[PDB]
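Q:
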Amino acid sequence: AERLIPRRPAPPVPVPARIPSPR
Amino acid sequence: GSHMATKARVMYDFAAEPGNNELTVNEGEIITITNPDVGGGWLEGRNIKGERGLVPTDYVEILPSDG
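Heads up: the protein sequence lines correspond to chains B and A, in order.
So the first sequence is numbered by the authors' numbering: it starts at 1663 and just counts up by one.
So the second sequence is numbered by the authors' numbering: it starts at -2 and just counts up by one.
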């Protein structure tokens, strides 16, 4: 493109979540 | 939207990779969003200094309009 593009998928994140949000 | 750029706050600290053109950011920091959808789990943004780059959108939160 004529704009910035990721070379890889996003890294994992340190979110506090034993289970993910229902919403 | 409405004669203003989109904005985001950081949820967790991050560091850029030099071959990926990413942007380093710290938790609670506010950045301007330039592109909220780029693919692969990222967004485009700029910090106060005037540097741009890609950031994982799961590390940040889009801020409200009319604020």
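By construction, the Cβ of each residue, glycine as well, lies at the ideal position given by its N, Cα and C atoms.
#1: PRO53 of chain A touches chain E at which residues, Cβ-Cβ below 8 Å?
#2: Are any of the Cβ atoms in chain A nearer than 7 Å to that of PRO1668 of chain B?
#3: Between the region 20 to 45 of chain A and chain B, which residues of the former have CB atoms less than 7 Å from a CB of the latter, in chain order?
#4: Which two residues bound the contiguous beta strand (DSSP E) that contains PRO1676 of chain B?
#5: Could you say which of A:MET1, A:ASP63, A:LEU40 and A:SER62 lies nearest to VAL22 of chain A if we only look at CA atoms?
A: According to the structure data:
#1: Within the model displayed, chain E is absent; protein chains B and A are what it includes.
#2: Within the first sequence, numbered from 1, the residue matching residue 1668 of chain B stands at position 6. Taking a beta-carbon distance threshold of 7 Å, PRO1668 of chain B counts as an interface residue toward chain A.
#3: Listed by position, the residues of the region 20 to 45 of chain A near chain B (Cβ gap below 7 Å) are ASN32, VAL35, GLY36, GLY37, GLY38, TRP39 and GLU41.
#4: The count along the first sequence starts at 1 and reaches residue 1676 of chain B at position 14. Neither: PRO1676 of chain B is in no beta strand (DSSP E) and is coded neither H nor E.
#5: Position 25 of the second sequence, counting from 1, holds the residue named residue 22 of chain A. Taking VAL22 of chain A as reference, the option from A:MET1, A:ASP63, A:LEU40 and A:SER62 with the minimal CA-CA separation is A:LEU40.
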